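K.L.:
Input structure: my_file_4.pdb, which contains PDB, C-alpha atoms and all ligand atoms.
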```
ATOM      1  CA  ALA B   1     -42.650  50.963 -25.985  1.00  0.00           C
ATOM      2  CA  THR B   2     -43.090  54.329 -24.340  1.00  0.00           C
ATOM      3  CA  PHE B   3     -46.323  56.252 -24.747  1.00  0.00           C
ATOM      4  CA  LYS B   4     -47.102  59.935 -24.712  1.00  0.00           C
ATOM      5  CA  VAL B   5     -49.760  60.842 -22.201  1.00  0.00           C
ATOM      6  CA  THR B   6     -51.576  64.200 -22.199  1.00  0.00           C
ATOM      7  CA  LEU B   7     -53.260  65.126 -18.982  1.00  0.00           C
ATOM      8  CA  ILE B   8     -55.939  67.732 -19.081  1.00  0.00           C
ATOM      9  CA  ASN B   9     -57.568  69.393 -16.087  1.00  0.00           C
ATOM     10  CA  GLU B  10     -60.618  71.147 -17.615  1.00  0.00           C
ATOM     11  CA  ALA B  11     -61.781  73.034 -14.575  1.00  0.00           C
ATOM     12  CA  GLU B  12     -58.289  74.455 -14.044  1.00  0.00           C
ATOM     13  CA  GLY B  13     -57.397  74.576 -17.684  1.00  0.00           C
ATOM     14  CA  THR B  14     -54.051  72.786 -17.178  1.00  0.00           C
ATOM     15  CA  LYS B  15     -52.147  70.556 -19.503  1.00  0.00           C
ATOM     16  CA  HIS B  16     -49.282  68.277 -18.748  1.00  0.00           C
ATOM     17  CA  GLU B  17     -47.486  65.838 -20.977  1.00  0.00           C
ATOM     18  CA  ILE B  18     -45.678  62.806 -19.648  1.00  0.00           C
ATOM     19  CA  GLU B  19     -44.068  59.717 -21.140  1.00  0.00           C
ATOM     20  CA  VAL B  20     -45.186  56.361 -19.815  1.00  0.00           C
ATOM     21  CA  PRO B  21     -43.787  52.934 -20.364  1.00  0.00           C
ATOM     22  CA  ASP B  22     -46.233  50.366 -21.649  1.00  0.00           C
ATOM     23  CA  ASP B  23     -45.632  48.426 -18.447  1.00  0.00           C
ATOM     24  CA  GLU B  24     -46.136  51.320 -16.043  1.00  0.00           C
ATOM     25  CA  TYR B  25     -49.485  52.621 -14.680  1.00  0.00           C
ATOM     26  CA  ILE B  26     -50.288  56.175 -15.642  1.00  0.00           C
ATOM     27  CA  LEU B  27     -50.618  57.386 -12.038  1.00  0.00           C
ATOM     28  CA  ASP B  28     -47.140  56.209 -11.057  1.00  0.00           C
ATOM     29  CA  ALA B  29     -45.459  57.719 -14.064  1.00  0.00           C
ATOM     30  CA  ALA B  30     -47.255  61.067 -13.550  1.00  0.00           C
ATOM     31  CA  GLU B  31     -46.061  61.267  -9.943  1.00  0.00           C
ATOM     32  CA  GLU B  32     -42.489  60.295 -10.889  1.00  0.00           C
ATOM     33  CA  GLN B  33     -42.570  63.063 -13.405  1.00  0.00           C
ATOM     34  CA  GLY B  34     -43.693  65.687 -10.812  1.00  0.00           C
ATOM     35  CA  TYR B  35     -47.410  65.695 -11.360  1.00  0.00           C
ATOM     36  CA  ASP B  36     -49.513  64.714  -8.338  1.00  0.00           C
ATOM     37  CA  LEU B  37     -52.946  63.299  -9.175  1.00  0.00           C
ATOM     38  CA  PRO B  38     -55.882  62.371  -6.925  1.00  0.00           C
ATOM     39  CA  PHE B  39     -56.107  58.838  -5.501  1.00  0.00           C
ATOM     40  CA  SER B  40     -57.365  56.900  -2.532  1.00  0.00           C
ATOM     41  CA  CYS B  41     -57.399  53.070  -2.722  1.00  0.00           C
ATOM     42  CA  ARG B  42     -54.751  52.860  -5.428  1.00  0.00           C
ATOM     43  CA  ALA B  43     -56.232  49.536  -6.247  1.00  0.00           C
ATOM     44  CA  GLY B  44     -58.860  49.891  -8.984  1.00  0.00           C
ATOM     45  CA  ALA B  45     -61.706  49.657  -6.577  1.00  0.00           C
ATOM     46  CA  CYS B  46     -62.705  53.246  -6.229  1.00  0.00           C
ATOM     47  CA  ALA B  47     -63.573  56.379  -8.206  1.00  0.00           C
ATOM     48  CA  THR B  48     -60.992  58.820  -6.764  1.00  0.00           C
ATOM     49  CA  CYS B  49     -58.385  58.490  -9.553  1.00  0.00           C
ATOM     50  CA  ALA B  50     -60.968  58.555 -12.374  1.00  0.00           C
ATOM     51  CA  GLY B  51     -60.243  60.123 -15.673  1.00  0.00           C
ATOM     52  CA  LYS B  52     -62.014  60.314 -19.043  1.00  0.00           C
ATOM     53  CA  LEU B  53     -60.430  59.331 -22.293  1.00  0.00           C
ATOM     54  CA  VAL B  54     -60.273  61.882 -25.006  1.00  0.00           C
ATOM     55  CA  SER B  55     -58.212  59.770 -27.442  1.00  0.00           C
ATOM     56  CA  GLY B  56     -56.067  56.638 -27.422  1.00  0.00           C
ATOM     57  CA  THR B  57     -56.452  53.406 -25.555  1.00  0.00           C
ATOM     58  CA  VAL B  58     -55.374  51.828 -22.290  1.00  0.00           C
ATOM     59  CA  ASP B  59     -55.329  48.498 -20.553  1.00  0.00           C
ATOM     60  CA  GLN B  60     -57.129  48.643 -17.149  1.00  0.00           C
ATOM     61  CA  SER B  61     -57.986  44.965 -16.730  1.00  0.00           C
ATOM     62  CA  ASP B  62     -56.962  45.188 -13.157  1.00  0.00           C
ATOM     63  CA  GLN B  63     -59.938  47.525 -12.486  1.00  0.00           C
ATOM     64  CA  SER B  64     -62.963  46.356 -10.566  1.00  0.00           C
ATOM     65  CA  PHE B  65     -64.903  49.499  -9.872  1.00  0.00           C
ATOM     66  CA  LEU B  66     -66.239  50.535 -13.228  1.00  0.00           C
ATOM     67  CA  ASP B  67     -69.092  48.884 -14.983  1.00  0.00           C
ATOM     68  CA  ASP B  68     -69.171  47.956 -18.692  1.00  0.00           C
ATOM     69  CA  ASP B  69     -71.216  51.050 -19.499  1.00  0.00           C
ATOM     70  CA  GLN B  70     -68.850  53.418 -17.792  1.00  0.00           C
ATOM     71  CA  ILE B  71     -65.921  51.891 -19.535  1.00  0.00           C
ATOM     72  CA  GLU B  72     -67.592  52.116 -22.905  1.00  0.00           C
ATOM     73  CA  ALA B  73     -68.219  55.707 -22.029  1.00  0.00           C
ATOM     74  CA  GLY B  74     -64.426  56.257 -21.715  1.00  0.00           C
ATOM     75  CA  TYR B  75     -63.904  56.296 -17.954  1.00  0.00           C
ATOM     76  CA  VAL B  76     -60.565  54.998 -16.672  1.00  0.00           C
ATOM     77  CA  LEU B  77     -59.076  54.356 -13.223  1.00  0.00           C
ATOM     78  CA  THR B  78     -55.650  55.925 -13.666  1.00  0.00           C
ATOM     79  CA  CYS B  79     -54.135  54.069 -10.735  1.00  0.00           C
ATOM     80  CA  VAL B  80     -54.424  50.720 -12.617  1.00  0.00           C
ATOM     81  CA  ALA B  81     -54.307  51.732 -16.217  1.00  0.00           C
ATOM     82  CA  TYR B  82     -51.457  51.096 -18.642  1.00  0.00           C
ATOM     83  CA  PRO B  83     -51.350  53.056 -21.867  1.00  0.00           C
ATOM     84  CA  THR B  84     -51.671  50.970 -25.023  1.00  0.00           C
ATOM     85  CA  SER B  85     -51.147  53.928 -27.397  1.00  0.00           C
ATOM     86  CA  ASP B  86     -50.599  57.663 -27.154  1.00  0.00           C
ATOM     87  CA  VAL B  87     -53.398  58.928 -24.931  1.00  0.00           C
ATOM     88  CA  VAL B  88     -55.232  62.167 -24.183  1.00  0.00           C
ATOM     89  CA  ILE B  89     -57.161  62.083 -20.932  1.00  0.00           C
ATOM     90  CA  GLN B  90     -59.177  64.397 -18.770  1.00  0.00           C
ATOM     91  CA  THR B  91     -58.329  64.094 -15.113  1.00  0.00           C
ATOM     92  CA  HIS B  92     -60.273  64.640 -11.951  1.00  0.00           C
ATOM     93  CA  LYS B  93     -63.544  63.170 -13.154  1.00  0.00           C
ATOM     94  CA  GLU B  94     -64.512  61.465  -9.927  1.00  0.00           C
ATOM     95  CA  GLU B  95     -67.722  63.489  -9.477  1.00  0.00           C
ATOM     96  CA  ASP B  96     -68.946  62.292 -12.891  1.00  0.00           C
ATOM     97  CA  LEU B  97     -69.944  58.949 -11.381  1.00  0.00           C
ATOM     98  CA  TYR B  98     -72.537  60.343  -8.897  1.00  0.00           C
TER      99      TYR B  98
HETATM  100  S1  LIG N   1     -57.452  55.295  -6.431  1.00  0.00           S
HETATM  101 FE1  LIG N   1     -59.115  53.867  -6.104  1.00  0.00          FE
HETATM  102  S2  LIG N   1     -59.426  53.003  -8.122  1.00  0.00           S
HETATM  103 FE2  LIG N   1     -57.710  54.323  -8.312  1.00  0.00          FE
END
```
The structure given in the file should be rewritten as structure tokens.

P.N.:
Amino acid sequence: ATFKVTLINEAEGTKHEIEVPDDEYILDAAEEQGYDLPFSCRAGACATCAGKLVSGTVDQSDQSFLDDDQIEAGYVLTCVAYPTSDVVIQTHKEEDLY
């Protein structure tokens, strides 16, 4: 399957739509498609690539940084997250964790 992923940058009021395979991490697909997103560790152990789900679901089992509460709240580490449905997500939410 291939999922539709809507990337929203609230502070800049930008919107980008990409298509991501169900076996590809969101970050990678975004870059391939011409949209550079923030990252650091690229390994699910940091907050740099954090986003916030608006709608849809993802699989981020490879993540280690977020706690249960933050996940329930909708936070996602885009560097290690695979879409599991069409998704709408707010990017650049790193500073929401401090
Ligand atoms: S860049 Fe560190 S968890 Fe994604």

K.L.:
Name the residues that the PyMOL selection byres (((chain B and resi 60) around 10) and not hetatm) picks from the file above, as a list in words, using the file's chain letters and numbers.

P.N.:
residues 25, 44, 57, 58, 59, 61, 62, 63, 64, 71, 76, 77, 78, 79, 80, 81, 82, 83 and 84 of chain B

K.L.:
For ligand LIG 1 (chain N), which residue among B:97, B:66, B:43, B:89 is the nearest when counting all atoms listed in the file?

P.N.:
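Distance minimum relative to ligand LIG 1 (chain N) lands on B:43.
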
K.L.:
Rounded to one decimal place, report the CA of residue 7 in chain B-CA of residue 23 in chain B distance in Å.

P.N.:
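Here the two named atoms are 18.4 Å from each other.
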
K.L.:
Can you measure CA of residue 87 in chain B to CA of residue 55 in chain B for me? One decimal in Å is fine.

P.N.:
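Going from CA of residue 87 in chain B over to CA of residue 55 in chain B, I get 5.5 Å.
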
K.L.:
Report as a ChimeraX atom specification the residues that result from applying the PyMOL selection byres (((chain B and resi 39) around 6) and not hetatm) to the structure here.

P.N.:
/B:38,40,48-49

K.L.:
With the PyMOL selection byres (((chain B and resi 9) around 12) and not hetatm) as the selection, what would be picked from this file? Answer as a VMD selection string, please.

P.N.:
chain B and resid 6 to 8 10 to 17 35 37 to 38 50 to 52 54 88 to 93

K.L.:
Can I get the selected residues back with C-alpha atoms, as a CSV table (one decimal), in the frame of the given file?

P.N.:
```csv
chain,number,residue,atom,x,y,z
B,6,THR,CA,-51.6,64.2,-22.2
B,7,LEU,CA,-53.3,65.1,-19.0
B,8,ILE,CA,-55.9,67.7,-19.1
B,10,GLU,CA,-60.6,71.1,-17.6
B,11,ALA,CA,-61.8,73.0,-14.6
B,12,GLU,CA,-58.3,74.5,-14.0
B,13,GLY,CA,-57.4,74.6,-17.7
B,14,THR,CA,-54.1,72.8,-17.2
B,15,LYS,CA,-52.1,70.6,-19.5
B,16,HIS,CA,-49.3,68.3,-18.7
B,17,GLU,CA,-47.5,65.8,-21.0
B,35,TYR,CA,-47.4,65.7,-11.4
B,37,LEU,CA,-52.9,63.3,-9.2
B,38,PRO,CA,-55.9,62.4,-6.9
B,50,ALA,CA,-61.0,58.6,-12.4
B,51,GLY,CA,-60.2,60.1,-15.7
B,52,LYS,CA,-62.0,60.3,-19.0
B,54,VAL,CA,-60.3,61.9,-25.0
B,88,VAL,CA,-55.2,62.2,-24.2
B,89,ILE,CA,-57.2,62.1,-20.9
B,90,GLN,CA,-59.2,64.4,-18.8
B,91,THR,CA,-58.3,64.1,-15.1
B,92,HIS,CA,-60.3,64.6,-12.0
B,93,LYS,CA,-63.5,63.2,-13.2
```

K.L.:
Taking all atoms of ligand LIG 1 (chain N) that the file lists and extending 5 Å past them on each side, where is the centre of the axis-aligned box and how long are its edges? Answer in Å to one decimal, as JSON.

P.N.:
```
{"center_x": -58.4, "center_y": 54.1, "center_z": -7.2, "size_x": 12.0, "size_y": 12.3, "size_z": 12.2}
```

K.L.:
So that I can check the surroundings of residue 18 in chain B, please list as a CSV table (one decimal) with C-alpha atoms, in the coordinates of the input every protein, DNA and RNA residue that reaches within 7 Å of it, counting only C-alpha atoms and ignoring chain neighbours fewer than 6 positions away.

P.N.:
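around-v6.csv written:
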```csv
chain,number,residue,atom,x,y,z
B,4,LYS,CA,-47.1,59.9,-24.7
B,5,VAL,CA,-49.8,60.8,-22.2
B,6,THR,CA,-51.6,64.2,-22.2
B,30,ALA,CA,-47.3,61.1,-13.6
B,33,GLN,CA,-42.6,63.1,-13.4
```

K.L.:
Using only C-alpha atoms, which of B:19, B:32, B:24, B:96 sits nearest residue 73 in chain B?

P.N.:
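So, comparing all the options, the nearest one is B:96.
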
K.L.:
Between CA of residue 47 in chain B and CA of residue 65 in chain B, what distance in Å does the model show, to one decimal?

P.N.:
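That distance, rounded to one decimal, is 7.2 Å.
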
K.L.:
Identify which of the residues B:85, B:2, B:46, B:28 lies closest to ligand LIG 1 (chain N), counting all atoms listed in the file when measuring atom-to-atom distances.

P.N.:
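Once distances to ligand LIG 1 (chain N) are computed over all atoms listed in the file, the minimum belongs to B:46.
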
K.L.:
Have a look at B:31, B:94, B:72, B:86 and name the one nearest to ligand LIG 1 (chain N); count all atoms listed in the file.

P.N.:
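Using all atoms listed in the file, the shortest distance to ligand LIG 1 (chain N) belongs to B:94.
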
K.L.:
Considering all atoms listed in the file, can you say which of B:69, B:20, B:53, B:26 comes closest to ligand LIG 1 (chain N)?

P.N.:
B:26

K.L.:
Place N, CA and C atoms on range 41-63 of chain B and deliver the coordinates as a PDB file, keeping the file's coordinate frame.

P.N.:
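Now in part-v4.pdb:
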```pdb
ATOM      1  N   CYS B  41     -57.709  54.493  -2.858  1.00  0.00           N
ATOM      2  CA  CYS B  41     -57.399  53.070  -2.722  1.00  0.00           C
ATOM      3  C   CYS B  41     -56.156  52.561  -3.437  1.00  0.00           C
ATOM      4  N   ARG B  42     -55.862  53.186  -4.567  1.00  0.00           N
ATOM      5  CA  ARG B  42     -54.751  52.860  -5.428  1.00  0.00           C
ATOM      6  C   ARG B  42     -54.851  51.426  -5.819  1.00  0.00           C
ATOM      7  N   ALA B  43     -56.061  50.923  -5.891  1.00  0.00           N
ATOM      8  CA  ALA B  43     -56.232  49.536  -6.247  1.00  0.00           C
ATOM      9  C   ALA B  43     -57.318  49.202  -7.259  1.00  0.00           C
ATOM     10  N   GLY B  44     -57.844  50.172  -7.986  1.00  0.00           N
ATOM     11  CA  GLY B  44     -58.860  49.891  -8.984  1.00  0.00           C
ATOM     12  C   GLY B  44     -60.207  49.561  -8.410  1.00  0.00           C
ATOM     13  N   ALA B  45     -60.429  49.960  -7.165  1.00  0.00           N
ATOM     14  CA  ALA B  45     -61.706  49.657  -6.577  1.00  0.00           C
ATOM     15  C   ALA B  45     -62.416  50.885  -6.072  1.00  0.00           C
ATOM     16  N   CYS B  46     -62.073  52.019  -6.639  1.00  0.00           N
ATOM     17  CA  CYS B  46     -62.705  53.246  -6.229  1.00  0.00           C
ATOM     18  C   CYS B  46     -62.878  54.207  -7.405  1.00  0.00           C
ATOM     19  N   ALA B  47     -63.393  55.399  -7.143  1.00  0.00           N
ATOM     20  CA  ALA B  47     -63.573  56.379  -8.206  1.00  0.00           C
ATOM     21  C   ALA B  47     -62.647  57.604  -8.082  1.00  0.00           C
ATOM     22  N   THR B  48     -61.858  57.682  -7.001  1.00  0.00           N
ATOM     23  CA  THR B  48     -60.992  58.820  -6.764  1.00  0.00           C
ATOM     24  C   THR B  48     -60.024  59.229  -7.875  1.00  0.00           C
ATOM     25  N   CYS B  49     -59.368  58.243  -8.499  1.00  0.00           N
ATOM     26  CA  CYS B  49     -58.385  58.490  -9.553  1.00  0.00           C
ATOM     27  C   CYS B  49     -58.967  58.531 -10.976  1.00  0.00           C
ATOM     28  N   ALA B  50     -60.289  58.544 -11.090  1.00  0.00           N
ATOM     29  CA  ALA B  50     -60.968  58.555 -12.374  1.00  0.00           C
ATOM     30  C   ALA B  50     -60.613  59.671 -13.333  1.00  0.00           C
ATOM     31  N   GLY B  51     -60.532  59.244 -14.569  1.00  0.00           N
ATOM     32  CA  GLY B  51     -60.243  60.123 -15.673  1.00  0.00           C
ATOM     33  C   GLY B  51     -61.184  59.742 -16.815  1.00  0.00           C
ATOM     34  N   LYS B  52     -61.176  60.568 -17.872  1.00  0.00           N
ATOM     35  CA  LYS B  52     -62.014  60.314 -19.043  1.00  0.00           C
ATOM     36  C   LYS B  52     -61.206  60.410 -20.325  1.00  0.00           C
ATOM     37  N   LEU B  53     -61.206  59.326 -21.073  1.00  0.00           N
ATOM     38  CA  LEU B  53     -60.430  59.331 -22.293  1.00  0.00           C
ATOM     39  C   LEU B  53     -60.934  60.251 -23.332  1.00  0.00           C
ATOM     40  N   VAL B  54     -60.001  60.956 -23.921  1.00  0.00           N
ATOM     41  CA  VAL B  54     -60.273  61.882 -25.006  1.00  0.00           C
ATOM     42  C   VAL B  54     -59.913  61.158 -26.298  1.00  0.00           C
ATOM     43  N   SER B  55     -58.727  60.548 -26.323  1.00  0.00           N
ATOM     44  CA  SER B  55     -58.212  59.770 -27.442  1.00  0.00           C
ATOM     45  C   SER B  55     -57.225  58.742 -26.922  1.00  0.00           C
ATOM     46  N   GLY B  56     -56.996  57.713 -27.737  1.00  0.00           N
ATOM     47  CA  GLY B  56     -56.067  56.638 -27.422  1.00  0.00           C
ATOM     48  C   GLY B  56     -56.716  55.555 -26.604  1.00  0.00           C
ATOM     49  N   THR B  57     -55.953  54.522 -26.333  1.00  0.00           N
ATOM     50  CA  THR B  57     -56.452  53.406 -25.555  1.00  0.00           C
ATOM     51  C   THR B  57     -55.522  53.056 -24.394  1.00  0.00           C
ATOM     52  N   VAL B  58     -56.079  52.285 -23.472  1.00  0.00           N
ATOM     53  CA  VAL B  58     -55.374  51.828 -22.290  1.00  0.00           C
ATOM     54  C   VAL B  58     -55.799  50.420 -21.940  1.00  0.00           C
ATOM     55  N   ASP B  59     -55.040  49.821 -21.051  1.00  0.00           N
ATOM     56  CA  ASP B  59     -55.329  48.498 -20.553  1.00  0.00           C
ATOM     57  C   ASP B  59     -55.581  48.679 -19.054  1.00  0.00           C
ATOM     58  N   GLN B  60     -56.830  48.486 -18.585  1.00  0.00           N
ATOM     59  CA  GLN B  60     -57.129  48.643 -17.149  1.00  0.00           C
ATOM     60  C   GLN B  60     -57.790  47.403 -16.553  1.00  0.00           C
ATOM     61  N   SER B  61     -57.445  46.257 -17.125  1.00  0.00           N
ATOM     62  CA  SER B  61     -57.986  44.965 -16.730  1.00  0.00           C
ATOM     63  C   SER B  61     -57.957  44.694 -15.247  1.00  0.00           C
ATOM     64  N   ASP B  62     -57.063  45.366 -14.566  1.00  0.00           N
ATOM     65  CA  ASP B  62     -56.962  45.188 -13.157  1.00  0.00           C
ATOM     66  C   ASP B  62     -58.071  45.910 -12.436  1.00  0.00           C
ATOM     67  N   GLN B  63     -58.850  46.775 -13.140  1.00  0.00           N
ATOM     68  CA  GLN B  63     -59.938  47.525 -12.486  1.00  0.00           C
ATOM     69  C   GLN B  63     -61.159  46.687 -12.082  1.00  0.00           C
TER      70      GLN B  63
END
```
